[PDB]
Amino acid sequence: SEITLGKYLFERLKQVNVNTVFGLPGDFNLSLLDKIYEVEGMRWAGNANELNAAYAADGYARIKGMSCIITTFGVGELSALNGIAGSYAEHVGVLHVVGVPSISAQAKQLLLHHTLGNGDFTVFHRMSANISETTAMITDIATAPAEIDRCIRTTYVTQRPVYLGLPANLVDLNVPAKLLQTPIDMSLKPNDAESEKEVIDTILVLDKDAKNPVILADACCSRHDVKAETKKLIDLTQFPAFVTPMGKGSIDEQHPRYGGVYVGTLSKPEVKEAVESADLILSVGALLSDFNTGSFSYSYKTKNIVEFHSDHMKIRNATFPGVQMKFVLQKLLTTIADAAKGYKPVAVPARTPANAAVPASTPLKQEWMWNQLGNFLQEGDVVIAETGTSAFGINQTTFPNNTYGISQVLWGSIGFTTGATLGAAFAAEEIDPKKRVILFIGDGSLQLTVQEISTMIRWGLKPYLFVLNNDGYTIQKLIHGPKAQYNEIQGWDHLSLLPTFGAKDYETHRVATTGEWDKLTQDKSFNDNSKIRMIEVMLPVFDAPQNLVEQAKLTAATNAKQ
(Lines of atoms letter the chains of each structure in order from A and count residues from 1; the text may use other names and numbers.)
(Lines give C-alpha, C1' and ligand atoms only; values in the text may rest on other atoms or scores of the structure.)
Protein backbone atom coordinates (compact mmCIF):
# COMPACT_ATOMS: atom_id res chain seq x y z
CA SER A 1 0.00 0.00 0.00
CA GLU A 2 2.83 2.42 0.91
CA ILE A 3 6.47 2.78 -0.08
CA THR A 4 9.20 5.19 1.04
CA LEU A 5 9.90 8.22 -1.14
CA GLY A 6 13.46 6.90 -1.58
CA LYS A 7 12.30 3.51 -2.82
CA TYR A 8 9.79 5.27 -5.11
CA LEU A 9 12.68 7.07 -6.83
CA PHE A 10 14.45 3.82 -7.65
CA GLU A 11 11.29 2.04 -8.74
CA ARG A 12 10.72 4.89 -11.22
CA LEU A 13 14.34 4.77 -12.46
CA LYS A 14 13.93 1.02 -13.04
CA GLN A 15 10.74 1.71 -15.01
CA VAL A 16 12.63 4.08 -17.34
CA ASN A 17 15.49 1.64 -17.86
CA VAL A 18 18.05 3.26 -15.52
CA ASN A 19 19.59 0.27 -13.72
CA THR A 20 22.96 1.67 -12.61
CA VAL A 21 23.14 4.73 -10.34
CA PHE A 22 26.29 6.83 -10.17
CA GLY A 23 27.76 9.04 -7.45
CA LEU A 24 29.31 8.90 -3.99
CA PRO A 25 27.78 8.52 -0.54
CA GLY A 26 27.66 11.24 2.13
CA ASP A 27 25.72 11.51 5.40
CA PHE A 28 22.92 13.49 3.65
CA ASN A 29 22.24 10.68 1.16
CA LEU A 30 22.95 7.43 3.07
CA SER A 31 19.32 6.59 3.86
CA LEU A 32 18.43 7.22 0.22
CA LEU A 33 21.18 4.87 -0.98
CA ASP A 34 19.82 2.07 1.25
CA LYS A 35 16.76 1.94 -0.99
CA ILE A 36 18.76 0.95 -4.11
CA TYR A 37 19.28 -2.47 -2.53
CA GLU A 38 15.51 -2.82 -2.02
CA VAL A 39 14.81 -2.71 -5.76
CA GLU A 40 15.82 -5.75 -7.80
CA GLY A 41 17.85 -4.97 -10.90
CA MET A 42 19.26 -1.72 -9.49
CA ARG A 43 22.91 -1.21 -8.61
CA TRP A 44 25.15 1.49 -7.16
CA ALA A 45 28.38 2.02 -9.13
CA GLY A 46 30.48 3.20 -6.20
CA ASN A 47 32.46 5.83 -8.09
CA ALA A 48 35.93 7.02 -7.12
CA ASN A 49 34.99 10.73 -7.28
CA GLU A 50 31.97 12.84 -8.19
CA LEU A 51 33.34 14.47 -11.32
CA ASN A 52 34.09 11.01 -12.72
CA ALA A 53 30.65 9.88 -11.60
CA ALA A 54 29.07 12.69 -13.62
CA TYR A 55 31.13 11.83 -16.69
CA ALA A 56 30.03 8.19 -16.20
CA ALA A 57 26.36 9.18 -15.89
CA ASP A 58 26.79 11.06 -19.18
CA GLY A 59 28.27 8.01 -20.98
CA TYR A 60 25.54 5.78 -19.54
CA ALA A 61 22.83 8.19 -20.70
CA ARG A 62 24.27 8.31 -24.23
CA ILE A 63 24.06 4.51 -24.55
CA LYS A 64 21.00 3.66 -22.38
CA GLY A 65 18.77 6.74 -22.88
CA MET A 66 19.13 8.66 -19.62
CA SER A 67 20.95 8.33 -16.32
CA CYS A 68 21.08 9.27 -12.66
CA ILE A 69 23.88 10.46 -10.40
CA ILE A 70 23.40 10.97 -6.62
CA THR A 71 25.74 13.24 -4.69
CA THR A 72 25.88 14.81 -1.24
CA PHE A 73 25.08 18.46 -0.43
CA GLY A 74 27.80 21.02 -1.20
CA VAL A 75 30.95 18.92 -1.53
CA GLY A 76 29.48 16.23 -3.76
CA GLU A 77 27.29 18.31 -6.03
CA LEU A 78 29.89 21.02 -6.71
CA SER A 79 32.49 18.39 -7.55
CA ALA A 80 30.08 17.10 -10.26
CA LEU A 81 29.34 20.42 -11.94
CA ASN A 82 31.77 20.25 -14.87
CA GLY A 83 30.28 16.87 -15.75
CA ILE A 84 26.76 18.25 -15.53
CA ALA A 85 27.68 21.30 -17.61
CA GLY A 86 29.06 19.09 -20.39
CA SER A 87 25.82 17.10 -20.35
CA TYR A 88 23.93 20.38 -20.71
CA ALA A 89 26.13 21.58 -23.56
CA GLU A 90 25.93 18.31 -25.47
CA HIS A 91 22.24 17.53 -24.79
CA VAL A 92 22.63 14.46 -22.54
CA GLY A 93 19.79 13.60 -20.12
CA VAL A 94 21.37 13.25 -16.69
CA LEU A 95 19.23 13.39 -13.52
CA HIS A 96 21.36 14.84 -10.73
CA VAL A 97 19.88 13.94 -7.34
CA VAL A 98 21.44 15.66 -4.31
CA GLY A 99 20.90 14.46 -0.73
CA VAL A 100 20.42 17.68 1.26
CA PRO A 101 20.06 18.53 4.98
CA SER A 102 16.77 17.76 6.68
CA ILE A 103 13.90 20.24 6.61
CA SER A 104 14.42 20.87 10.35
CA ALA A 105 18.18 21.49 9.90
CA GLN A 106 17.50 24.03 7.19
CA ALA A 107 14.81 25.87 9.08
CA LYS A 108 17.14 26.19 12.07
CA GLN A 109 19.92 27.25 9.79
CA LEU A 110 22.28 24.85 11.54
CA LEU A 111 25.95 25.53 10.85
CA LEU A 112 26.51 22.11 9.30
CA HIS A 113 29.45 20.61 7.48
CA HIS A 114 29.39 21.11 3.68
CA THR A 115 27.84 24.59 4.05
CA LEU A 116 29.44 27.98 3.42
CA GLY A 117 28.93 28.71 7.13
CA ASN A 118 26.39 31.45 6.35
CA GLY A 119 23.11 29.50 6.82
CA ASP A 120 22.23 29.63 3.11
CA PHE A 121 20.99 26.21 2.00
CA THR A 122 19.95 27.48 -1.47
CA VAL A 123 23.33 28.50 -2.90
CA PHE A 124 24.32 25.23 -4.57
CA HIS A 125 20.85 24.72 -6.04
CA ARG A 126 21.10 28.24 -7.50
CA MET A 127 24.48 27.41 -9.01
CA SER A 128 23.19 24.21 -10.63
CA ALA A 129 20.13 26.02 -12.04
CA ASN A 130 22.50 27.68 -14.57
CA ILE A 131 23.29 24.30 -16.17
CA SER A 132 19.96 22.45 -15.74
CA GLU A 133 16.82 22.33 -17.89
CA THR A 134 14.79 22.52 -14.68
CA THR A 135 15.24 22.00 -10.95
CA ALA A 136 13.24 20.76 -7.97
CA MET A 137 14.02 21.13 -4.29
CA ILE A 138 11.61 18.82 -2.46
CA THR A 139 9.99 20.34 0.64
CA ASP A 140 6.59 18.59 0.82
CA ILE A 141 5.98 14.83 0.87
CA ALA A 142 2.51 15.32 -0.69
CA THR A 143 3.80 16.61 -4.06
CA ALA A 144 7.13 14.75 -3.98
CA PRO A 145 6.17 11.80 -6.23
CA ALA A 146 4.81 14.18 -8.91
CA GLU A 147 7.99 16.27 -8.72
CA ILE A 148 10.16 13.17 -9.12
CA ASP A 149 8.09 12.11 -12.15
CA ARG A 150 8.38 15.63 -13.64
CA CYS A 151 12.16 15.60 -13.20
CA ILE A 152 12.51 12.15 -14.80
CA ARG A 153 10.25 13.08 -17.74
CA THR A 154 12.07 16.37 -18.33
CA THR A 155 15.53 14.72 -18.27
CA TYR A 156 14.51 12.25 -20.95
CA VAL A 157 12.40 14.36 -23.30
CA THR A 158 14.70 17.38 -23.29
CA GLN A 159 17.99 15.45 -23.02
CA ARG A 160 19.42 17.99 -20.60
CA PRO A 161 20.38 17.64 -16.96
CA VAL A 162 17.82 18.14 -14.23
CA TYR A 163 18.53 18.93 -10.56
CA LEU A 164 16.53 17.18 -7.82
CA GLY A 165 17.27 18.04 -4.20
CA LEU A 166 16.04 15.51 -1.62
CA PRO A 167 16.12 16.34 2.13
CA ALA A 168 17.48 13.43 4.20
CA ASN A 169 14.41 13.17 6.45
CA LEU A 170 11.89 13.06 3.59
CA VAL A 171 13.39 10.01 1.87
CA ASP A 172 12.04 7.73 4.63
CA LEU A 173 8.50 9.11 4.55
CA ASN A 174 5.79 7.01 2.95
CA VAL A 175 4.00 7.72 -0.33
CA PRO A 176 1.23 5.72 -2.07
CA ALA A 177 2.66 2.66 -3.88
CA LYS A 178 -0.27 2.72 -6.34
CA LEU A 179 1.29 5.79 -8.06
CA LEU A 180 3.88 3.42 -9.58
CA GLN A 181 1.14 1.55 -11.47
CA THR A 182 0.75 4.50 -13.86
CA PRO A 183 3.86 5.07 -15.99
CA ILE A 184 5.64 8.38 -16.38
CA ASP A 185 4.86 9.94 -19.77
CA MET A 186 8.18 9.81 -21.64
CA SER A 187 6.97 11.04 -25.02
CA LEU A 188 7.08 14.44 -26.72
CA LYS A 189 3.85 16.40 -27.06
CA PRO A 190 2.48 16.44 -30.60
CA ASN A 191 3.35 19.38 -32.86
CA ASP A 192 0.94 22.12 -33.82
CA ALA A 193 -0.93 20.38 -36.66
CA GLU A 194 -1.03 23.26 -39.14
CA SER A 195 2.62 24.30 -38.72
CA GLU A 196 3.79 20.69 -38.99
CA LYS A 197 1.70 20.12 -42.12
CA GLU A 198 3.14 23.24 -43.77
CA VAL A 199 6.69 22.14 -42.93
CA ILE A 200 6.15 18.60 -44.29
CA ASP A 201 4.49 19.80 -47.46
CA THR A 202 7.20 22.36 -48.17
CA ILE A 203 9.94 19.79 -47.71
CA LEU A 204 8.21 17.30 -49.94
CA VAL A 205 8.01 19.91 -52.73
CA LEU A 206 11.68 20.84 -52.31
CA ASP A 207 12.57 17.23 -52.54
CA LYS A 208 10.63 16.61 -55.68
CA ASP A 209 12.47 19.49 -57.38
CA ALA A 210 16.00 18.65 -56.23
CA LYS A 211 18.59 17.22 -58.62
CA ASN A 212 21.46 16.90 -56.10
CA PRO A 213 19.97 16.75 -52.59
CA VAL A 214 22.20 15.63 -49.72
CA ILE A 215 21.56 14.61 -46.11
CA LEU A 216 23.92 15.90 -43.36
CA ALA A 217 23.58 14.21 -39.95
CA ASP A 218 24.98 16.11 -36.95
CA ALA A 219 25.03 15.94 -33.14
CA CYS A 220 21.30 16.23 -32.46
CA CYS A 221 20.43 13.40 -34.87
CA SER A 222 21.92 11.18 -32.16
CA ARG A 223 21.15 13.24 -29.04
CA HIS A 224 17.46 13.75 -29.82
CA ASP A 225 16.77 10.18 -30.87
CA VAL A 226 16.10 10.44 -34.63
CA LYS A 227 18.67 7.93 -35.84
CA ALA A 228 16.05 5.37 -36.92
CA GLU A 229 14.07 7.95 -38.80
CA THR A 230 17.20 9.25 -40.50
CA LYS A 231 18.18 5.72 -41.49
CA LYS A 232 14.83 5.27 -43.09
CA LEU A 233 15.06 8.65 -44.76
CA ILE A 234 18.37 7.61 -46.30
CA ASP A 235 16.95 4.26 -47.53
CA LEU A 236 13.75 5.70 -49.01
CA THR A 237 15.41 8.58 -50.78
CA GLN A 238 18.74 7.18 -51.84
CA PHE A 239 20.24 10.61 -51.32
CA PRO A 240 23.98 10.91 -50.44
CA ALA A 241 24.39 10.99 -46.66
CA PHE A 242 27.25 12.67 -44.79
CA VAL A 243 28.03 12.97 -41.09
CA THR A 244 29.77 15.55 -38.89
CA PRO A 245 32.45 14.84 -36.28
CA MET A 246 30.04 15.37 -33.39
CA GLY A 247 27.38 13.23 -35.09
CA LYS A 248 29.74 10.41 -36.14
CA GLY A 249 28.08 7.04 -35.63
CA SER A 250 24.57 8.48 -36.05
CA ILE A 251 24.39 7.06 -39.59
CA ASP A 252 25.73 3.79 -40.96
CA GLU A 253 29.10 4.24 -42.64
CA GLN A 254 28.87 0.96 -44.60
CA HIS A 255 25.70 2.12 -46.39
CA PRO A 256 26.28 2.40 -50.17
CA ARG A 257 25.09 6.04 -50.17
CA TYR A 258 27.30 7.17 -47.28
CA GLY A 259 29.64 9.87 -48.51
CA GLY A 260 31.96 10.60 -45.57
CA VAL A 261 32.66 13.10 -42.79
CA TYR A 262 31.91 16.72 -43.62
CA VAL A 263 33.92 19.30 -41.64
CA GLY A 264 33.74 22.35 -43.92
CA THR A 265 37.15 23.31 -45.32
CA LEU A 266 38.81 20.51 -43.30
CA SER A 267 36.88 17.80 -45.18
CA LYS A 268 38.63 15.65 -47.77
CA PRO A 269 38.32 17.63 -51.03
CA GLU A 270 35.89 15.13 -52.59
CA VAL A 271 33.60 15.29 -49.53
CA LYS A 272 33.64 19.11 -49.39
CA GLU A 273 32.71 19.28 -53.08
CA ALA A 274 29.94 16.65 -52.85
CA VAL A 275 28.21 18.39 -49.93
CA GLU A 276 28.67 21.95 -51.10
CA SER A 277 27.48 21.24 -54.65
CA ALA A 278 24.05 20.21 -53.30
CA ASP A 279 20.91 21.97 -54.51
CA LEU A 280 19.06 20.92 -51.33
CA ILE A 281 20.54 20.17 -47.89
CA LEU A 282 18.59 18.14 -45.37
CA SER A 283 20.46 19.07 -42.18
CA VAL A 284 19.54 16.82 -39.27
CA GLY A 285 20.39 18.24 -35.84
CA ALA A 286 23.10 20.80 -36.65
CA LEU A 287 25.37 22.02 -33.88
CA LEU A 288 27.91 24.27 -35.55
CA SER A 289 30.72 24.46 -32.98
CA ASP A 290 34.28 25.49 -33.89
CA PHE A 291 35.84 22.02 -33.73
CA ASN A 292 32.79 20.49 -35.44
CA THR A 293 33.09 22.82 -38.41
CA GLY A 294 36.70 23.91 -38.97
CA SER A 295 36.01 27.17 -37.23
CA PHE A 296 32.70 27.87 -39.00
CA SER A 297 34.02 27.08 -42.47
CA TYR A 298 30.91 25.66 -44.18
CA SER A 299 30.50 27.00 -47.71
CA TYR A 300 27.14 25.69 -48.96
CA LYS A 301 26.50 27.01 -52.46
CA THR A 302 22.71 26.66 -52.01
CA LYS A 303 20.18 28.60 -49.96
CA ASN A 304 17.81 25.57 -50.08
CA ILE A 305 18.62 24.41 -46.56
CA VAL A 306 16.20 22.53 -44.36
CA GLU A 307 17.29 22.55 -40.70
CA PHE A 308 15.70 19.83 -38.58
CA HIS A 309 16.01 20.56 -34.85
CA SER A 310 14.66 19.03 -31.64
CA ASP A 311 12.53 22.09 -30.84
CA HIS A 312 12.04 23.88 -34.19
CA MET A 313 12.40 23.75 -37.96
CA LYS A 314 13.98 26.16 -40.42
CA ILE A 315 13.49 26.10 -44.19
CA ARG A 316 15.57 28.67 -46.05
CA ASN A 317 14.93 31.89 -44.03
CA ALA A 318 11.58 30.70 -42.65
CA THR A 319 11.52 29.60 -38.99
CA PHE A 320 8.85 27.34 -37.48
CA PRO A 321 9.15 27.69 -33.68
CA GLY A 322 8.08 24.66 -31.69
CA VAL A 323 7.95 22.27 -34.67
CA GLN A 324 9.84 19.22 -33.37
CA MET A 325 11.88 17.23 -35.89
CA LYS A 326 10.98 13.84 -34.37
CA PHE A 327 7.46 14.01 -35.76
CA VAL A 328 8.37 15.89 -38.95
CA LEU A 329 10.87 13.12 -39.82
CA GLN A 330 8.41 10.33 -38.92
CA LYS A 331 5.61 11.81 -41.02
CA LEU A 332 7.92 12.64 -43.94
CA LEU A 333 8.57 8.91 -44.29
CA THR A 334 4.94 8.44 -45.39
CA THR A 335 5.39 10.25 -48.70
CA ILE A 336 9.10 10.84 -49.27
CA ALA A 337 9.68 7.75 -51.44
CA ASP A 338 7.11 9.07 -53.92
CA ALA A 339 8.53 12.62 -53.67
CA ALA A 340 12.02 11.28 -54.47
CA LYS A 341 10.88 8.86 -57.23
CA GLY A 342 12.41 10.97 -60.04
CA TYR A 343 15.85 11.22 -58.41
CA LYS A 344 18.76 9.97 -60.54
CA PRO A 345 21.44 8.91 -58.02
CA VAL A 346 24.51 11.13 -57.85
CA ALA A 347 27.76 9.31 -57.04
CA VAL A 348 29.19 9.57 -53.53
CA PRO A 349 32.92 10.07 -52.81
CA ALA A 350 34.90 6.84 -52.44
CA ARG A 351 36.16 5.69 -49.06
CA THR A 352 39.74 6.69 -48.24
CA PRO A 353 42.10 4.02 -49.62
CA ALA A 354 43.31 1.37 -47.18
CA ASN A 355 46.85 1.69 -45.89
CA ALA A 356 49.44 0.10 -48.17
CA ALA A 357 51.50 -2.77 -46.79
CA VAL A 358 54.62 -1.56 -44.97
CA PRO A 359 57.38 -3.39 -43.06
CA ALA A 360 56.52 -4.65 -39.58
CA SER A 361 59.11 -2.42 -38.01
CA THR A 362 57.47 0.77 -39.26
CA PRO A 363 57.00 3.15 -36.34
CA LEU A 364 53.40 3.99 -35.58
CA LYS A 365 52.02 7.28 -36.88
CA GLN A 366 48.63 8.85 -36.15
CA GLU A 367 47.40 9.02 -39.74
CA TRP A 368 48.22 5.37 -40.36
CA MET A 369 46.62 4.31 -37.08
CA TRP A 370 43.25 6.03 -37.58
CA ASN A 371 43.03 4.62 -41.11
CA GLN A 372 43.92 1.13 -39.81
CA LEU A 373 41.57 1.18 -36.81
CA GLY A 374 38.52 0.38 -38.96
CA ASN A 375 39.92 -3.16 -39.41
CA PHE A 376 39.60 -3.83 -35.68
CA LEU A 377 36.14 -2.38 -35.06
CA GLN A 378 33.00 -4.54 -35.28
CA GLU A 379 29.25 -3.92 -35.46
CA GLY A 380 27.81 -2.93 -32.07
CA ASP A 381 31.03 -1.39 -30.72
CA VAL A 382 30.95 1.74 -28.60
CA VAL A 383 33.92 3.88 -29.71
CA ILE A 384 34.96 6.73 -27.42
CA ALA A 385 37.61 9.32 -28.34
CA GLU A 386 39.04 11.96 -26.02
CA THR A 387 39.56 15.63 -26.79
CA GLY A 388 43.12 15.84 -28.14
CA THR A 389 44.58 13.97 -31.11
CA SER A 390 42.11 11.08 -30.50
CA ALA A 391 38.95 13.09 -31.11
CA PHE A 392 40.40 14.59 -34.28
CA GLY A 393 41.84 11.32 -35.53
CA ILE A 394 38.70 9.24 -35.08
CA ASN A 395 37.10 11.32 -37.83
CA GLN A 396 39.37 9.42 -40.25
CA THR A 397 38.31 6.00 -38.98
CA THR A 398 35.63 4.10 -40.89
CA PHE A 399 33.02 2.60 -38.56
CA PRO A 400 31.12 -0.66 -39.08
CA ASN A 401 27.33 -0.30 -39.17
CA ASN A 402 25.68 0.07 -35.74
CA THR A 403 28.68 1.78 -34.10
CA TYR A 404 27.99 4.19 -31.27
CA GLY A 405 30.54 6.99 -31.30
CA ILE A 406 31.18 9.27 -28.33
CA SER A 407 33.26 12.40 -28.89
CA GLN A 408 32.62 15.52 -26.76
CA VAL A 409 33.38 17.93 -29.59
CA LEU A 410 31.62 20.96 -28.09
CA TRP A 411 32.26 20.76 -24.35
CA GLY A 412 35.73 19.29 -24.80
CA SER A 413 36.54 18.47 -21.19
CA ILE A 414 39.66 16.29 -21.07
CA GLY A 415 39.30 13.33 -18.72
CA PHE A 416 35.60 13.00 -19.63
CA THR A 417 36.25 9.80 -21.51
CA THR A 418 37.57 7.69 -18.59
CA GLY A 419 34.27 8.25 -16.79
CA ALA A 420 32.19 8.02 -19.96
CA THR A 421 33.83 4.65 -20.67
CA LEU A 422 32.67 3.33 -17.30
CA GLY A 423 29.10 4.53 -17.85
CA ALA A 424 29.00 3.26 -21.44
CA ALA A 425 30.35 -0.12 -20.28
CA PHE A 426 27.63 -0.48 -17.62
CA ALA A 427 24.94 0.41 -20.17
CA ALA A 428 26.45 -1.85 -22.85
CA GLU A 429 26.57 -4.75 -20.37
CA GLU A 430 22.85 -4.28 -19.66
CA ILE A 431 21.97 -4.22 -23.39
CA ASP A 432 24.25 -7.06 -24.60
CA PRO A 433 27.32 -8.52 -22.85
CA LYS A 434 28.96 -9.09 -26.27
CA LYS A 435 29.03 -5.35 -27.03
CA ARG A 436 32.60 -3.99 -26.82
CA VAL A 437 33.56 -0.60 -25.45
CA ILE A 438 36.68 0.89 -26.98
CA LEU A 439 38.43 4.00 -25.63
CA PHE A 440 41.14 6.19 -27.22
CA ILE A 441 42.41 8.56 -24.55
CA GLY A 442 45.54 10.67 -24.44
CA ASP A 443 48.26 10.32 -21.82
CA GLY A 444 47.52 13.86 -20.60
CA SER A 445 43.74 13.43 -20.35
CA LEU A 446 44.05 10.13 -18.53
CA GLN A 447 45.71 11.84 -15.59
CA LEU A 448 42.64 13.92 -14.76
CA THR A 449 40.28 10.99 -14.17
CA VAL A 450 42.53 7.94 -13.92
CA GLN A 451 40.98 6.55 -10.72
CA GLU A 452 37.73 5.62 -12.47
CA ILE A 453 39.53 2.59 -13.87
CA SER A 454 39.12 1.30 -10.30
CA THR A 455 35.36 1.23 -10.70
CA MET A 456 35.61 -0.64 -14.01
CA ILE A 457 37.67 -3.32 -12.23
CA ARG A 458 35.36 -3.63 -9.24
CA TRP A 459 32.39 -4.42 -11.52
CA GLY A 460 34.30 -6.73 -13.90
CA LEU A 461 33.65 -4.45 -16.89
CA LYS A 462 35.82 -5.22 -19.92
CA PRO A 463 36.62 -2.09 -21.98
CA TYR A 464 39.65 -1.73 -24.24
CA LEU A 465 41.66 1.22 -22.88
CA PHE A 466 44.00 2.51 -25.65
CA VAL A 467 46.28 5.17 -24.15
CA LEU A 468 48.12 7.38 -26.63
CA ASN A 469 51.54 7.98 -25.16
CA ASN A 470 53.06 10.95 -27.01
CA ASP A 471 54.73 12.38 -23.89
CA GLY A 472 52.39 15.24 -23.09
CA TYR A 473 49.72 17.52 -24.49
CA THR A 474 50.27 17.28 -28.22
CA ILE A 475 47.17 19.14 -29.31
CA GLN A 476 48.36 22.14 -27.25
CA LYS A 477 51.96 21.85 -28.46
CA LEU A 478 50.56 22.51 -31.93
CA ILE A 479 48.26 25.37 -30.83
CA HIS A 480 50.93 27.24 -28.84
CA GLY A 481 54.19 26.38 -27.09
CA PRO A 482 55.65 23.17 -28.60
CA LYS A 483 58.35 23.04 -25.91
CA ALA A 484 56.52 24.92 -23.15
CA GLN A 485 56.75 23.20 -19.77
CA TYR A 486 53.02 23.65 -19.13
CA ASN A 487 52.42 21.33 -22.13
CA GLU A 488 54.50 18.56 -20.52
CA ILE A 489 53.29 15.95 -18.04
CA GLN A 490 54.81 13.74 -15.35
CA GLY A 491 55.56 10.35 -16.96
CA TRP A 492 53.48 7.51 -15.56
CA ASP A 493 53.88 3.76 -15.79
CA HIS A 494 50.54 3.28 -17.58
CA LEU A 495 50.52 -0.49 -17.76
CA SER A 496 50.92 -0.69 -13.96
CA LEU A 497 47.61 1.15 -13.41
CA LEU A 498 45.36 -1.92 -13.58
CA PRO A 499 47.24 -3.97 -10.93
CA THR A 500 47.79 -0.86 -8.78
CA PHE A 501 44.00 -0.53 -8.65
CA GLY A 502 43.71 -4.22 -7.72
CA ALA A 503 42.80 -5.81 -11.06
CA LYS A 504 43.11 -9.62 -11.08
CA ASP A 505 41.81 -10.54 -14.56
CA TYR A 506 43.26 -8.22 -17.19
CA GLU A 507 45.79 -7.88 -19.99
CA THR A 508 48.28 -5.14 -20.78
CA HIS A 509 49.98 -4.50 -24.12
CA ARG A 510 52.32 -1.98 -25.69
CA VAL A 511 52.43 -1.19 -29.43
CA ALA A 512 55.01 1.00 -31.16
CA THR A 513 55.08 -0.35 -34.72
CA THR A 514 52.65 -1.17 -37.44
CA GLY A 515 53.58 -4.85 -37.10
CA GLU A 516 52.82 -4.80 -33.39
CA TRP A 517 49.53 -2.98 -34.02
CA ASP A 518 48.37 -5.50 -36.61
CA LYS A 519 49.54 -8.56 -34.64
CA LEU A 520 47.58 -7.47 -31.56
CA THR A 521 44.46 -6.04 -33.09
CA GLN A 522 43.99 -8.88 -35.62
CA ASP A 523 44.39 -11.55 -32.95
CA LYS A 524 41.17 -13.55 -32.41
CA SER A 525 41.75 -13.78 -28.63
CA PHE A 526 42.24 -10.00 -28.35
CA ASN A 527 38.99 -9.39 -30.23
CA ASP A 528 36.90 -11.17 -27.59
CA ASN A 529 35.85 -8.81 -24.76
CA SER A 530 36.84 -11.41 -22.15
CA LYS A 531 38.66 -9.07 -19.74
CA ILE A 532 39.62 -5.44 -19.24
CA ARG A 533 42.67 -4.43 -21.26
CA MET A 534 45.06 -1.50 -21.46
CA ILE A 535 47.06 -0.91 -24.62
CA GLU A 536 49.79 1.74 -24.44
CA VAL A 537 50.29 3.17 -27.94
CA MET A 538 53.67 4.82 -28.47
CA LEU A 539 53.39 7.80 -30.81
CA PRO A 540 55.66 10.72 -31.75
CA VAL A 541 55.51 13.87 -29.64
CA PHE A 542 54.50 16.21 -32.50
CA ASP A 543 52.49 13.80 -34.63
CA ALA A 544 48.83 14.71 -35.12
CA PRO A 545 46.06 14.19 -37.65
CA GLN A 546 46.19 16.83 -40.39
CA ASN A 547 42.72 18.18 -39.51
CA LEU A 548 43.97 18.95 -35.99
CA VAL A 549 47.11 20.58 -37.36
CA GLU A 550 44.83 22.96 -39.30
CA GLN A 551 42.28 23.45 -36.51
CA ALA A 552 45.12 24.29 -34.09
CA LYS A 553 46.22 27.15 -36.36
CA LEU A 554 42.65 28.49 -36.59
CA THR A 555 42.07 28.31 -32.84
CA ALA A 556 45.37 30.00 -31.98
CA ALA A 557 44.52 32.86 -34.33
CA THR A 558 40.97 33.20 -32.96
CA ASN A 559 42.31 33.57 -29.41
CA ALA A 560 45.11 35.99 -30.28
CA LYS A 561 42.95 38.27 -32.47
CA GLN A 562 42.55 41.88 -31.32
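Numbers follow the displayed sequence, beginning with 1.
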Taking the deposited Cα B-factors and averaging over 69 to 77 and over 133 to 141, the higher mean is found in 133 to 141
Assert higher mean C-alpha B factor (445 to 453 or 274 to 282, deposited values) equals 274 to 282
In this crystal structure's PDB entry, the residue among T352, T389, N292, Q372 with the greatest CA B factor is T352
Comparing C-alpha B-factors across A427, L439, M186, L216 in this entry, the winner is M186
By the entry's values, the third containing the CA B factor of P101 is the highest
Chain-relative C-alpha B factor for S31 (record values, thirds): the highest
Entry-reported C-alpha B-factor of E50 relative to its chain, by third, is lowest
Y300: CA temperature factor from the record, placed by chain third, in the highest
On the chain's distribution of Cα B-factors, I315 falls within the third called middle
